[PDB]
């Protein structure tokens, strides 16, 4: 049986869209299912998402905005020399182009410099700032950098060179000493949308310096806003619909040349900006510097754009190869560590190119679902510089700050970070992170999760229904791309495609829906036999010879078969060791939790629960329901260890309880050792059941006891009619014995198939 890699959380929309609006707004079932799983139901929201009125807030409401506008205007008037300081991100290259063109249109002596990731690193560098002063630069406008360059800015500011900081990266407790700081998230000011990218901040500064901005600027903001992965809500959303509009209607010279090098000519949307255009502009600044990418974006002559688009695409080539090699070596090292049981993948080797290390780390976290540090051992500089990527259950900042004594310089956040340390401290640091992770392994679950937006049926996979979903685009952060679940799907056709037969081609269901699972062509032999499979994935339209067809890109795959096995008398024959980790053991309080697998009923196990063993008899059917209603398994093992039974002993009727109280009221104080047998006689009950009755009377505090001597509390609180917690426990215990221990497995299966 194929095992799911993730653990699937399907959103069950509590609210649904009116069947009137569904019709008033021509909402096909797929767009309707997506909207509802984002809970966007009211007419405003739906219109907001489908509408195109642009989102535009006075850029004058930005931090130090007017203060800045005039500082730039004056420099152009006094023939001052300008320098735009930028970054090698696609946001920084797109932001530089916008500002340089804006200043060129204002007739300014503008020049630009992008720091080298290796020779200079990110942000202001003393040498460059001094060099600019030496070149007569009087004003430096930074883009996607500066908010954390206090020292460098002050030095040059004291040299007489004003610095205007424009950034969107998290601000610190201290703001650098500079003429002006334009930041959407600045303490002293409040701007409607605070999730703008560097290009977005530049667009607003431009819209303020020049009233009407060239349309190229909108496309450039779109490229950077989708690459910096900023929130795709409010403003960012409109600029992308506009910038995606521009790239199709009036495609720029610079960008055209690029996609001609990739060989891409189909309609352009956010994924093109994500997977195709974005990653090419970064390649240059990850191997060589990105001035080329800026020069490509700045050029509108087909001849040079084409010559320059060649030099970029060459770098995209090499990044694929350099990443491919580093990963081959690192995937080999990671397999050993995880096989030895590491929980933090700290991989450190030599000749590892640093410009691609963050990339290599993302492939490692996706393949292993573990937080990873990827380091290059530079023995020519006795430093280990590298990158880190995280999982949600772990903050990369915290765990490094707790181990910061072994680290020389480390900066980043919860999901990612950059570090420089000593080659001799790596082996010491790995154990520390592993210790921190193996302690969190208790308080926290580390198994990968996937959020499922919609449960789609074969009757929704229509070309019309799938393109109408191209109406909710653009998709991205804060408006994530939908993930669909499809169950009870037959594996009609199965094939292994690719030179190395690594991709899997499949036909699904009775309607034979084409599906592809990349890098999983090794599962063909298992899916050859006709078998029903549940699937998670995205829906798109593949077009061949003018014929459009629905296609599903699978992300995860599970076998629909749910197996329930009777070991109700074969406990010692379980096919696994109690300490197997992959197996979850559902137990009840009477036993002490010895292993982490042992989780009590009702308690929320969050470890992947593909193989679940019901070791102890549930205290209640609903407690099992709770511990079952959270179950995603392929094989359930029902052992149900119990030491005694109550099925035949029975619960005394309520007429007998009063006939016990009768004896108690007659003497007030009684000793059960001498009076119990006579007591049990007139009650026509047994010794064990008398304890139960006295134990409910003591629970209801109707009586008190001391060394066998039972005493009456006279008038007690009228808590209930013998409806005590102890009385209830018995009711539930007899309930579980009748349905689970002393019933037929067939009907037990027909109940476990009722819950889940």
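Residue numbers count along the first chain shown, from 1.
Stretches 29-37 and 48-56 differ in mean CA B factor, with 48-56 having the higher one.
Higher mean CA temperature factor, per the PDB entry, when comparing 709-717 with 58-66: 709-717. In the deposited coordinates, the residue among 403, 256, 349, 606 with the greatest CA B-factor is 606. As recorded in the entry, 492 carries the highest CA temperature factor of 551, 492, 390, 299. Among the modelled residues of its chain, residue 601 has a C-alpha B-factor that falls in the highest third, as given in the PDB entry. Ranked against the other modelled residues of its chain, the C-alpha B-factor of residue 410 as given in the entry falls in the lowest third. In the PDB entry, a CA B factor belonging to the lowest third of its chain's modelled residues is recorded for residue 228. In the deposited entry, the Cα temperature factor of residue 3 places it in the middle third of its chain's modelled residues.
For residue 160, the recorded CA B-factor ranks within the highest third of the chain. Only modelled residues enter the ranking.
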